[PDB]
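Asker: Please read through the structure below; I'll follow up with questions.
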Amino acid sequence: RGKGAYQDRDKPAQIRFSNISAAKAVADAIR
Amino acid sequence: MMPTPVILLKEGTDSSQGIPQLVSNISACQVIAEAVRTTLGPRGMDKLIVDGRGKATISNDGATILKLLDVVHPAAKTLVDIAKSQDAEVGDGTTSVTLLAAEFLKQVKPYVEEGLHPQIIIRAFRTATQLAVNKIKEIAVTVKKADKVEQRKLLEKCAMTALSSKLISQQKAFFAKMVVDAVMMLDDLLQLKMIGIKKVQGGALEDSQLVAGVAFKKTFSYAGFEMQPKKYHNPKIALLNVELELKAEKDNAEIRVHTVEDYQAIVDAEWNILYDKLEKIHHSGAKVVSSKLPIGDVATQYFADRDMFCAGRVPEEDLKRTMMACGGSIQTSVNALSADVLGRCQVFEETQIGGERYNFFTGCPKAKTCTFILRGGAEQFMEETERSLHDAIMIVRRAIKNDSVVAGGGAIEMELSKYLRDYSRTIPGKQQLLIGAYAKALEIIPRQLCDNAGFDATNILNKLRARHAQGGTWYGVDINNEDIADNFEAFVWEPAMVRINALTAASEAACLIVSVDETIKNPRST
Amino acid sequence: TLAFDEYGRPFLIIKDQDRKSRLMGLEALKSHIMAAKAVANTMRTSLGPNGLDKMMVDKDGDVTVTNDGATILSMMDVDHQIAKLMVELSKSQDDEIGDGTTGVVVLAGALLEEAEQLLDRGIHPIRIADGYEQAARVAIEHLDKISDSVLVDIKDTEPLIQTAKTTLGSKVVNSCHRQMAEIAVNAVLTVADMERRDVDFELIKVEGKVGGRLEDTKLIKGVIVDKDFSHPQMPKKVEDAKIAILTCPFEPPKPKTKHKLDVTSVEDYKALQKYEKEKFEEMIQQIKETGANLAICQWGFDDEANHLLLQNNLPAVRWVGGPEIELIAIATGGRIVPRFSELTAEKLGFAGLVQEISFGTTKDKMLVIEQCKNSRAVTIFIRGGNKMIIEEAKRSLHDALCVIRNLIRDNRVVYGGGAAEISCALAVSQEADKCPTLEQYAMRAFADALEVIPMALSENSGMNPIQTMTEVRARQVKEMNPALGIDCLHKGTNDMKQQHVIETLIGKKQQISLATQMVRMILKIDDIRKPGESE
Amino acid sequence: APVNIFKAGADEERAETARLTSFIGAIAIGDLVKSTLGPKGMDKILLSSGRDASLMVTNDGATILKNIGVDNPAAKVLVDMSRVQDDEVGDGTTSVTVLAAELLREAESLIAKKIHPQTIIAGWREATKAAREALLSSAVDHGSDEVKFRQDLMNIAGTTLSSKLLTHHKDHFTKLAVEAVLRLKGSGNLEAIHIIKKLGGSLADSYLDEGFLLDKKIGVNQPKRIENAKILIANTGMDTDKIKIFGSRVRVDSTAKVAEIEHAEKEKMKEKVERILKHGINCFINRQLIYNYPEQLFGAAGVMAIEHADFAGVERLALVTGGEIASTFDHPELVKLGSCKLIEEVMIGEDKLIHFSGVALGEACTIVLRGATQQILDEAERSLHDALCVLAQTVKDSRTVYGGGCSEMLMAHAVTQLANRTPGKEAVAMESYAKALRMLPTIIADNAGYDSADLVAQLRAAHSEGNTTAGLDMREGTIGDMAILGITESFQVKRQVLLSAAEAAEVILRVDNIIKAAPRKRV
């Protein structure tokens with residue numbers, strides 16, 4: 001069995017990745 | 001503030017003159033060349049251009065790039081018009097010709113700013129051009145093994161080379177073999193109108209097929225064409241320009257009836273005339289009846305009950321190819337039909353390649369035409385494939401009749417610069433600065449063949465200079481090993497005419513730019 | 001610079017150059033891959049037995065809820081030249097095979113996503129595209145190694161029904177999981193040509209009428225048309241039909257050309273009145289002389305004809321369309337007769353019970369044919385409680401019919417549930433190190449991309465992709481590689497041989513080939529020239 | 001109401017949208033901060049419209065809600081509630097916010113059942129009283145046996161901090177909170193523990209300064225280091241004294257008298273400094289600025305002087321040095337001095353600060369807070385402020401309750417057992433009160449990602465049959481004993497969460513009609 005199930009459907013689903021992309025945009029700016 | 005007469009001479013006309021106008025004209029040529037700089041060589045990239053309709057074209061051929069750039073500068077257009085000619089005369093001479101022609105101007109650009117009147121430059125360009133062209137003729141190689149496997153291998157190597165810089169990686173052996181054999185199907189005119197290419201969506205590149213005969217796409221039909229089975233093992237083909245509708249009229253007749261006896265006679269006569277034509281078509285064996293004109297419901301059922309197949313509304317382009325593919329003739333009137341005008345083939349079937357219905361003919365031994373069916377996963381994917389087939393056919397067609405070939409890559413361009421330098425070092429005076437400039441521009445080809453994919457451009461060009469000055473002159477730039485390779489021994493050959501015409505067109509382009517001192521632009525534009 | 005030269009003069013090369021945009025570098029390549037991520041993120045949400053549906057709202061306000069990727073991607077308003085190609089990928093798969101409308105987008109996206117690191121490592125954009133070909137050949141060659149079938153298309157149709165169940169299991173019609181699987185098998189095998197392995201798509205018609213339930217969907221061995229008997233008191237039941245298919249109106253024959261009858265005398269006026277009356281009688285008796293007892297006419301009737309049809313006990317319907325009379329004539333073994341005077345018994349159709357069906361309070365009067373003689377055409381009649389489930393049911397049965405046709409074309413199958421994809425990823429990895437000349441990074445990237453499918457399936461199934469993938473991939477190596485896949489409810493074990501998860505070999509072969517070619521033609525681009533504002 | 005309107009520019013809502021929009025707008029507040037409840041919650045970033053946007057990253061519900069700018073006149077009711085919770089105890093601000101929201105959500109469901117709003121309120125009043133008894137009867141006391149009392153302070157400090165940025169640094173910041181308070185041994189001023197924020201180093205590199213740090217470096221011509229210094233603080237004038245005569249001018253016949261008066265001006269400033277120096281001092285701190293003239297006099301005397309350390313800096317120095325403000329110096333024998341060991345300057349974060357080390361009667365301290373970024377420093381500072389505020393009260397009221405949802409289930413149990421003894425007209429409302437109480441351990445598990453379907457059932461089943469210490473084990477995802485694990489909360493924090501949510505929630509239920517005055521300054 002999977003021993004539980006949790007549905008994660010909320011605004012953080014996109015933020016957790018958007019913040020990383022913004023940081024990459026600057027990190028490469030001075031490469 | 002100066003041209004302020006009480007009465008104007010013309011209207012409002014713009015006029016430039018002198019050194020800034022020549023520099024501007026050369027600069028415009030340098031900028032437009034940027035559109036193809038990255039398209040040269042086996043490792044060039046493709047470009048995506050969107051037109052005003054919203055449709056994109058993906059291609060890398062200079063003859064398709066330069067026509068979509070919307071060039072307006074009077075001078076930049078010069079490097080486009082010469083592409084229009086090379087597309088006919090040569091084929092491969094696209095990106096290479098544009099880049100060389102632009103470089104011819106760059107090499108003299110830093111000098112034309114400070115004296116050096118173009119009258120002396122034009123004469124030097126003509127001298128250097130004639131020298132370079134003669135040198136090609138003295139080094140081109142030929143074969144004496146016509147009508148042998150040696151000529152087949154020559155044509156195959158020409159095709160595999162022609163397929164370079166395309167959307168082709170491992171399919172060269174697949175397409176190249178069919179291109180060479182497809183052309184050998186033609187008569188001794190090698191007229192390209194005898195080779196059709198048709199796109200059918202669905203499947204991979206390796207799933208394409210070369211059909212010795214022809215096929216049509218099964219256009220608009222009527223109720224009753226679900227019948228007429230599509231299994232034939234020895235059909236005859238009637239190509240007719242006859243109307244088989246009940247409503248066929250002369251458009252200028254009126255049938256005036258005064259009694260019931262003639263009323264019915266006209267009604268029956270209209271049906272009888274149609275049946276008369278159909279019965280004359282029958283008793284011929286022409287189990288396949290094709291026409292560019294409509295075939296109506298009555299004829300469809302007549303043919304079905306007679307165990308015959310028909311299909312109308314066939315375009316004239318395919319009927320003419322069908323005539324040449326089936327070995328027959330096209331007859332307009334049915335009143336003189338016989339067995340001596342019909343075509344013949346062995347197999348006639350309706351297939352489902354890609355989901356759409358296609359009616360294929362094959363088996364005629366006297367097929368003067370052929371059709372190559374392309375399969376692919378997208379419209380643009382097949383469109384680019386079609387372009388690669390047109391160029392490969394063009395190079396092979398020419399190689400059959402002209403077996404004079406030269407080393408590919410930059411190998412010939414390095415030798416041409418060597419010959420010109422040997423010439424220039426025997427000439428006194430101002431010519432040393434002009435013949436050399438022509439020669440220096442010739443290295444743009446081995447340079448760009450490296451800049452687009454690395455290969456340590458600085459040092460690999462130095463190697464070509466060291467090798468060609470001491471040993472053989474067939475050394476070029478490899479793709480697999482990042483160093484020099486002998487293109488002659490590797491059989492990397494291109495028709496001699498590709499470079500001969502490239503030199504002529506590039507030279508004339510330079511003379512059109514440097515010979516202009518003034519530009520006059522009428523203000524009337526609405 | 002443009003529009004400014006070193007001499008202060010304007011510098012104009014192309015028309016409206018100030019409204020153009022060009023950016024090459026590696027930014028064109030990253031922009032293409034990034035845009036593809038937006039596409040892949042859409043389709044990954046509808047993969048697997050738990051795939052979620054999309055609601056598509058058309059420009060006119062019409063709304064339909066579908067699962068079929070062909071209906072989702074075809075209704076997009078995306079103005080991006082490469083994202084449009086991602087739709088064409090799903091189209092090519094839909095036209096050739098008809099199954100992987102979701103798979104080819106997810107796979108192609110993974111190849112673009114995994115390629116992102118390869119560009120950042122400094123690998124030439126074209127070397128990446130070529131490297132995928134070296135790895136793809138490995139997956140394709142091994143895909144054809146494991147395959148077996150016992151389907152003969154005669155009576156042992158058990159694996160054929162199972163294939164239909166595998167396909168339909170992803171749709172919204174699982175309330176008819178068995179019923180629609182059996183309908184699809186019977187629909188194709190009764191019209192398929194076993195000699196050539198061809199199935200003519202025109203021999204299976206799909207009709208429907210709103211109302212009832214999915215469980216009321218039936219396969220009718222015959223044709224369904226809109227019945228409208230010209231005479232309202234005409235009996236509505238024929239027990240043994242002798243059917244005359246006619247394409248001529250029941251009115252006095254007229255010429256096609258300009259006529260303009262000249263009438264001068266009273267004898268001419270009155271004589272015509274008699275002759276026309278006789279024409280009405282002859283055209284009806286010419287039908288009865290053939291033994292016909294039901295006429296089906298493309299054209300309408302005169303008022304005079306309807307009375308004669310009654311008195312001669314000759315039922316008939318009116319204004320039956322082109323494709324309807326074409327199908328009726330074929331289904332009944334008859335022929336279309338041009339005129340009344342060409343009628344003969346040899347061209348009559350033969351059929352059994354002819355009836356019209358009334359539905360609730362409406363006046364649809366749909367045809368049912370009970371019995372037929374060696375018919376080569378069938379009709380499916382779809383019911384449903386709303387317009388959306390019926391239209392989706394049409395697509396659900398379409399997919400089921402397509403995979404049956406694919407097995408007829410090629411009877412080689414593979415095991416699904418991710419077993420084929422994981423096995424291919426393992427095979428490529430084993431050969432990825434034989435030999436790591438330049439392409440080591442690219443071939444491994446291909447192997448990783450192949451796993452996007454069992455990983456997305458695991459996510460939609462509610463499982464952790466690391467806990468699931470690490471177990472299956474280990475089990476397929478520790479022992480002789482079984483057909484071990486994944487599932488949501490596990491059904492006991494994940495042995496695809498016992499779950500009967502069957503997919504077509506030629507389907508997956510096309511998914512790999514078409515996805516690879518689409519990726520290549522959009523990687524090898526470094527310049528986009530799209531126009532901006534009009535002015 | 002909408003028919004025959006007699007209002008100028010105002011509007012009103014009655015019985016239809018007044019309650020609907022009030023419940024929607026207010027309940028939304030709970031969902032906003034719901035994600036911050038428990039040890040595994042995520043943090044928020046709040047952004048301004050511009051003009052030095054001053055980005056804030058924070059967890060605490062009070063700092064989130066007080067910066068939103070809620071416009072809905074009913075939602076503002078709960079915003080003010082969360083302010084009061086922050087001002088009173090400084091913890092549980094998320095718990096009281098989401099509890100009130102869950103109570104209101106149930107009220108809307110009860111209105112849908114056609115239960116009169118006064119019946120719902122009456123039921124909640126009885127349920128609230130039942131919950132209050134559950135807290136009174138379950139409190140844990142701590143008296144003497146200091147080896148057990150100190151452990152309680154460590155448990156309270158650990159619990160509060162576990163919910164903030166300072167998660168995996170508990171082994172450093174727990175001691176900074178508990179020991180800093182214990183060293184005060186006096187009034188909970190909450191200003192005797194100063195925090196200095198510096199960039200550089202990690203959070204784990206923070207430390208407690210045993211002494212007291214001052215700004216405003218040691219003078220120009222003054223000793224930089226004196227051992228065994230006597231400290232004098234002052235609040236007097238250094239120059240421009242203008243002694244107490246308003247409207248006085250110097251009016252002379254010649255400038256010779258002006259020069260003579262100028263000498264007298266300096267002679268009195270010299271005397272003033274001498275009167276201070278007779279105290280026998282080594283270090284002088286004056287609130288008011290030091291001018292060029294007394295600076296030379298203090299330097300020549302070998303005595304350092306600090307100017308304007310802060311407005312309240314002198315008051316803080318008085319508490320940590322053991323002296324007096326001394327705004328006037330006229331009886332040196334009546335003025336008490338302080339004493340320390342070192343007055344040397346130290347380098348902290350590339351900034352020289354004056355370090356008073358070894359100070360007698362040092363009833364104060366400074367925490368030196370280090371971090372990589374400004375957002376880390378600001379949130380870490382708030383975490384210290386929150387823990388110190390609770391600890392300053394725990395040392396005054398030692399009653400605690402068991403956390404981890406234990407107290408919440410005990411309250412819900414008492415409400416349920418008594419609700420079943422009441423008639424249905426009101427029992428349906430008392431049961432809704434208990435249901436809201438059980439939402440808190442549900443939210444905590446749901447934020448962490450645990451299967452709340454089993455944790456809630458197991459916790460309720462445990463408390464149904466004794467096990468009055470059972471609660472959530474947020475490390476393993478099971479039910480554990482709160483006493484053994486050491487998960488406790490301050491009694492006063494839990495009492496106020498219960499009472500505040502009930503009192504605030506009634507405000508919304510009582511309203512059936514909202515009348516909105518015409519807006520001003522909107523064009």
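In the structure tokens, each chain is lettered A, B, ... as it comes, each chain's residues begin at 1, and ligands are numbered from 1 in order of appearance.
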Got a sec: who's within 12 Å of residue 11 in chain A, counting only C-alpha atoms, leaving out chain neighbours fewer than 4 positions off, as a list in words?
Answerer: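 My reading of the contact set: residues 15, 16, 17 and 18 of chain A; 32, 35 and 44 of chain D.
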Asker: Write the residues you've just listed into a file as a CSV table (one decimal), in the first residue's frame, and include N, CA, C and O atoms for each of them.
Answerer:
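So again_7.csv came out as:
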```csv
chain,number,residue,atom,x,y,z
A,15,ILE,N,4.9,28.9,-6.8
A,15,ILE,CA,5.9,29.7,-6.2
A,15,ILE,C,7.2,29.0,-5.9
A,15,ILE,O,8.3,29.5,-6.2
A,16,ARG,N,7.1,27.7,-5.4
A,16,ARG,CA,8.3,27.0,-5.1
A,16,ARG,C,9.3,26.8,-6.3
A,16,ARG,O,10.5,26.6,-6.1
A,17,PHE,N,8.8,27.1,-7.5
A,17,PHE,CA,9.6,27.0,-8.7
A,17,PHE,C,9.9,28.4,-9.2
A,17,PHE,O,11.0,28.7,-9.8
A,18,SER,N,8.9,29.4,-9.1
A,18,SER,CA,9.1,30.7,-9.6
A,18,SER,C,10.3,31.4,-8.9
A,18,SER,O,11.0,32.1,-9.6
D,32,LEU,N,-5.7,32.7,5.3
D,32,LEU,CA,-4.4,33.4,5.0
D,32,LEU,C,-3.3,32.9,5.9
D,32,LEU,O,-2.2,32.5,5.4
D,35,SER,N,-1.7,28.5,7.1
D,35,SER,CA,-0.4,27.8,6.7
D,35,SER,C,0.7,28.0,7.7
D,35,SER,O,1.7,27.2,7.6
D,44,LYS,N,5.7,33.5,4.9
D,44,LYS,CA,5.2,34.4,3.9
D,44,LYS,C,6.2,35.6,3.6
D,44,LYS,O,7.1,35.9,4.5
```
Asker: Would you give me, as a PyMOL selection string, the residues of chain A that come within 12 Å of chain C, using only C-alpha atoms?
Answerer: chain A and resi 1-8+14+21+28+31
Asker: Pull N, CA, C and O atoms from the residues just selected and write them as a PDB file, in the first residue's frame.
Answerer:
```pdb
ATOM      1  N   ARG A   1       0.826  -1.200   0.000  1.00  0.00           N
ATOM      2  CA  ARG A   1       0.000   0.000   0.000  1.00  0.00           C
ATOM      3  C   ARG A   1       0.864   1.256   0.000  1.00  0.00           C
ATOM      4  O   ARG A   1       2.042   1.209   0.352  1.00  0.00           O
ATOM      5  N   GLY A   2       0.271   2.380  -0.404  1.00  0.00           N
ATOM      6  CA  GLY A   2       0.985   3.642  -0.421  1.00  0.00           C
ATOM      7  C   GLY A   2       1.166   4.293   0.930  1.00  0.00           C
ATOM      8  O   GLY A   2       1.911   5.277   1.023  1.00  0.00           O
ATOM      9  N   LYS A   3       0.490   3.766   1.960  1.00  0.00           N
ATOM     10  CA  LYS A   3       0.555   4.241   3.350  1.00  0.00           C
ATOM     11  C   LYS A   3       0.169   5.712   3.486  1.00  0.00           C
ATOM     12  O   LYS A   3       0.861   6.488   4.152  1.00  0.00           O
ATOM     13  N   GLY A   4      -0.933   6.106   2.865  1.00  0.00           N
ATOM     14  CA  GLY A   4      -1.426   7.465   2.942  1.00  0.00           C
ATOM     15  C   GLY A   4      -1.390   8.168   1.596  1.00  0.00           C
ATOM     16  O   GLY A   4      -0.798   7.703   0.624  1.00  0.00           O
ATOM     17  N   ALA A   5      -2.052   9.322   1.570  1.00  0.00           N
ATOM     18  CA  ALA A   5      -2.152  10.136   0.361  1.00  0.00           C
ATOM     19  C   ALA A   5      -2.471  11.560   0.785  1.00  0.00           C
ATOM     20  O   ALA A   5      -3.311  11.767   1.668  1.00  0.00           O
ATOM     21  N   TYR A   6      -1.814  12.532   0.162  1.00  0.00           N
ATOM     22  CA  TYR A   6      -1.987  13.947   0.487  1.00  0.00           C
ATOM     23  C   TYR A   6      -2.064  14.734  -0.819  1.00  0.00           C
ATOM     24  O   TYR A   6      -1.144  14.704  -1.638  1.00  0.00           O
ATOM     25  N   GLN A   7      -3.172  15.446  -1.006  1.00  0.00           N
ATOM     26  CA  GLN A   7      -3.368  16.241  -2.210  1.00  0.00           C
ATOM     27  C   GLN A   7      -2.890  17.667  -1.969  1.00  0.00           C
ATOM     28  O   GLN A   7      -3.429  18.377  -1.113  1.00  0.00           O
ATOM     29  N   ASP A   8      -1.875  18.086  -2.719  1.00  0.00           N
ATOM     30  CA  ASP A   8      -1.277  19.413  -2.584  1.00  0.00           C
ATOM     31  C   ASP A   8      -1.707  20.244  -3.792  1.00  0.00           C
ATOM     32  O   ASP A   8      -1.113  20.157  -4.866  1.00  0.00           O
ATOM     33  N   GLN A  14       3.243  26.748  -7.569  1.00  0.00           N
ATOM     34  CA  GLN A  14       3.979  27.488  -8.588  1.00  0.00           C
ATOM     35  C   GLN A  14       5.095  28.337  -7.996  1.00  0.00           C
ATOM     36  O   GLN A  14       6.131  28.529  -8.644  1.00  0.00           O
ATOM     37  N   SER A  21      13.679  30.277 -10.394  1.00  0.00           N
ATOM     38  CA  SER A  21      13.951  30.844 -11.712  1.00  0.00           C
ATOM     39  C   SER A  21      14.402  32.296 -11.630  1.00  0.00           C
ATOM     40  O   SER A  21      15.332  32.693 -12.341  1.00  0.00           O
ATOM     41  N   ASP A  28      23.166  33.975 -13.443  1.00  0.00           N
ATOM     42  CA  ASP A  28      23.848  33.897 -14.727  1.00  0.00           C
ATOM     43  C   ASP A  28      24.232  35.266 -15.273  1.00  0.00           C
ATOM     44  O   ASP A  28      25.057  35.339 -16.188  1.00  0.00           O
ATOM     45  N   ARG A  31      27.855  35.667 -14.791  1.00  0.00           N
ATOM     46  CA  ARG A  31      28.654  34.477 -15.055  1.00  0.00           C
ATOM     47  C   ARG A  31      29.940  34.822 -15.793  1.00  0.00           C
ATOM     48  O   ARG A  31      30.977  34.189 -15.559  1.00  0.00           O
TER      49      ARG A  31
END
```
Asker: Please provide as a list in words all residues within 9 Å of residue 94 in chain D, with the sequence filter that same-chain residues fewer than 3 positions apart are discarded (counting only C-alpha atoms).
Answerer: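 What passes the distance filter is residues 30, 33, 34, 36, 37, 60, 61, 62, 82, 91, 97, 98 and 99 of chain D.
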Asker: Save out the residues we just selected, C-alpha atoms, as a PDB file, in the first residue's frame.
Answerer:
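Wrote it out as again_32.pdb, contents follow:
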```pdb
ATOM      1  CA  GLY D  30      -8.005  32.293   8.895  1.00  0.00           C
ATOM      2  CA  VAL D  33      -2.456  32.508   8.175  1.00  0.00           C
ATOM      3  CA  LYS D  34      -3.675  28.908   8.419  1.00  0.00           C
ATOM      4  CA  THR D  36       1.695  29.218   9.554  1.00  0.00           C
ATOM      5  CA  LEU D  37       0.249  27.023  12.334  1.00  0.00           C
ATOM      6  CA  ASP D  60       3.870  35.281  12.875  1.00  0.00           C
ATOM      7  CA  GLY D  61       0.202  35.887  12.107  1.00  0.00           C
ATOM      8  CA  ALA D  62       0.205  39.254  13.872  1.00  0.00           C
ATOM      9  CA  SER D  82      -4.984  39.329  16.625  1.00  0.00           C
ATOM     10  CA  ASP D  91       2.310  34.124  21.147  1.00  0.00           C
ATOM     11  CA  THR D  97      -6.978  33.792  14.389  1.00  0.00           C
ATOM     12  CA  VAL D  98      -7.788  30.423  12.808  1.00  0.00           C
ATOM     13  CA  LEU D  99      -9.928  29.292  15.762  1.00  0.00           C
TER      14      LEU D  99
END
```
Asker: So that I can see what lies close to range 162-167 of chain B, please list as a list in words the residues with an atom at most 7 Å from it, counting only C-alpha atoms and leaving out residues fewer than 4 positions away in the same chain.
Answerer: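 Here the qualifying residues turn out to be residues 41, 42, 43, 44, 158, 172, 388, 391, 392 and 395 of chain B.
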Asker: Compare C:42, C:312, C:332, C:247 by their minimum atom-to-atom distance to chain B, counting only C-alpha atoms, and give me the closest one.
Answerer: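 Residue with the minimum atom-to-atom distance to chain B: C:247.
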Asker: To one decimal in Å, tell me the separation between CA of residue 263 in chain D and CA of residue 293 in chain D.
Answerer: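 These two atoms are separated by 12.6 Å.
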Asker: Show me which bits of chain C are within 8 Å of chain B, counting only C-alpha atoms, as a ChimeraX atom specification.
Answerer: /C:5,7,11-15,81,85,88-89,92-93,95-96,124,126,130,253-263,268,272,322-323,325-326,330,335-336,338,510,513-514,517-518,521,524-531
Asker: Give me the residues of chain D that have any atom at most 9 Å from an atom of chain A; for each, the nearest atom pair and the distance in Å, rounded to one decimal. Use only C-alpha atoms, sort by chain and number, and format it as JSON lines.
Answerer:
```
{"residue": "D:446", "atom": "CA", "partner": "A:6", "partner_atom": "CA", "distance": 8.8}
{"residue": "D:449", "atom": "CA", "partner": "A:6", "partner_atom": "CA", "distance": 6.7}
{"residue": "D:450", "atom": "CA", "partner": "A:6", "partner_atom": "CA", "distance": 7.9}
{"residue": "D:451", "atom": "CA", "partner": "A:4", "partner_atom": "CA", "distance": 6.4}
```
Asker: Name the residues in contact with residue 349 in chain B at a cut-off of 10 Å, using only C-alpha atoms, excluding same-chain residues fewer than 4 positions from it; report them as an MDAnalysis selection string.
Answerer: chainID B and resid 215 229:233 358:362
Asker: Selected residues, N, CA, C and O atoms, written as a PDB file, in the first residue's frame, please.
Answerer:
```
ATOM      1  N   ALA B 215       0.346   9.032 -58.930  1.00  0.00           N
ATOM      2  CA  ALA B 215      -0.782   8.856 -58.024  1.00  0.00           C
ATOM      3  C   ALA B 215      -1.546  10.167 -57.931  1.00  0.00           C
ATOM      4  O   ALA B 215      -0.950  11.239 -58.068  1.00  0.00           O
ATOM      5  N   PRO B 229     -14.702  -1.646 -56.678  1.00  0.00           N
ATOM      6  CA  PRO B 229     -13.546  -2.151 -55.923  1.00  0.00           C
ATOM      7  C   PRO B 229     -12.215  -1.698 -56.509  1.00  0.00           C
ATOM      8  O   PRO B 229     -12.077  -1.454 -57.709  1.00  0.00           O
ATOM      9  N   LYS B 230     -11.227  -1.585 -55.625  1.00  0.00           N
ATOM     10  CA  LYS B 230      -9.936  -0.978 -55.941  1.00  0.00           C
ATOM     11  C   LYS B 230      -8.837  -2.015 -56.116  1.00  0.00           C
ATOM     12  O   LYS B 230      -7.675  -1.761 -55.790  1.00  0.00           O
ATOM     13  N   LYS B 231      -9.173  -3.195 -56.625  1.00  0.00           N
ATOM     14  CA  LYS B 231      -8.218  -4.287 -56.784  1.00  0.00           C
ATOM     15  C   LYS B 231      -8.130  -4.635 -58.262  1.00  0.00           C
ATOM     16  O   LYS B 231      -9.064  -5.214 -58.827  1.00  0.00           O
ATOM     17  N   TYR B 232      -7.010  -4.281 -58.891  1.00  0.00           N
ATOM     18  CA  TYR B 232      -6.786  -4.532 -60.310  1.00  0.00           C
ATOM     19  C   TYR B 232      -5.376  -5.067 -60.496  1.00  0.00           C
ATOM     20  O   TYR B 232      -4.431  -4.556 -59.887  1.00  0.00           O
ATOM     21  N   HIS B 233      -5.235  -6.092 -61.337  1.00  0.00           N
ATOM     22  CA  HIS B 233      -3.940  -6.715 -61.574  1.00  0.00           C
ATOM     23  C   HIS B 233      -3.439  -6.533 -62.999  1.00  0.00           C
ATOM     24  O   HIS B 233      -2.308  -6.936 -63.297  1.00  0.00           O
ATOM     25  N   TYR B 358      -5.098   7.498 -51.301  1.00  0.00           N
ATOM     26  CA  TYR B 358      -4.275   7.810 -52.465  1.00  0.00           C
ATOM     27  C   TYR B 358      -4.390   6.673 -53.466  1.00  0.00           C
ATOM     28  O   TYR B 358      -4.388   5.502 -53.080  1.00  0.00           O
ATOM     29  N   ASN B 359      -4.488   7.020 -54.748  1.00  0.00           N
ATOM     30  CA  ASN B 359      -4.658   6.036 -55.817  1.00  0.00           C
ATOM     31  C   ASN B 359      -3.340   5.933 -56.574  1.00  0.00           C
ATOM     32  O   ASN B 359      -2.977   6.833 -57.333  1.00  0.00           O
ATOM     33  N   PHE B 360      -2.626   4.828 -56.380  1.00  0.00           N
ATOM     34  CA  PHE B 360      -1.288   4.667 -56.928  1.00  0.00           C
ATOM     35  C   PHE B 360      -1.319   3.789 -58.173  1.00  0.00           C
ATOM     36  O   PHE B 360      -2.022   2.776 -58.227  1.00  0.00           O
ATOM     37  N   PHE B 361      -0.550   4.199 -59.177  1.00  0.00           N
ATOM     38  CA  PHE B 361      -0.240   3.380 -60.340  1.00  0.00           C
ATOM     39  C   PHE B 361       1.203   2.905 -60.243  1.00  0.00           C
ATOM     40  O   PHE B 361       2.086   3.667 -59.839  1.00  0.00           O
ATOM     41  N   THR B 362       1.440   1.650 -60.619  1.00  0.00           N
ATOM     42  CA  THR B 362       2.795   1.140 -60.761  1.00  0.00           C
ATOM     43  C   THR B 362       2.793  -0.055 -61.701  1.00  0.00           C
ATOM     44  O   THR B 362       1.754  -0.668 -61.959  1.00  0.00           O
TER      45      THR B 362
END
```
Asker: List every residue of chain A that DSSP, applied to the backbone of this structure, assigns to alpha helix (DSSP H), and report them as a ChimeraX atom specification.
Answerer: /A:12-27
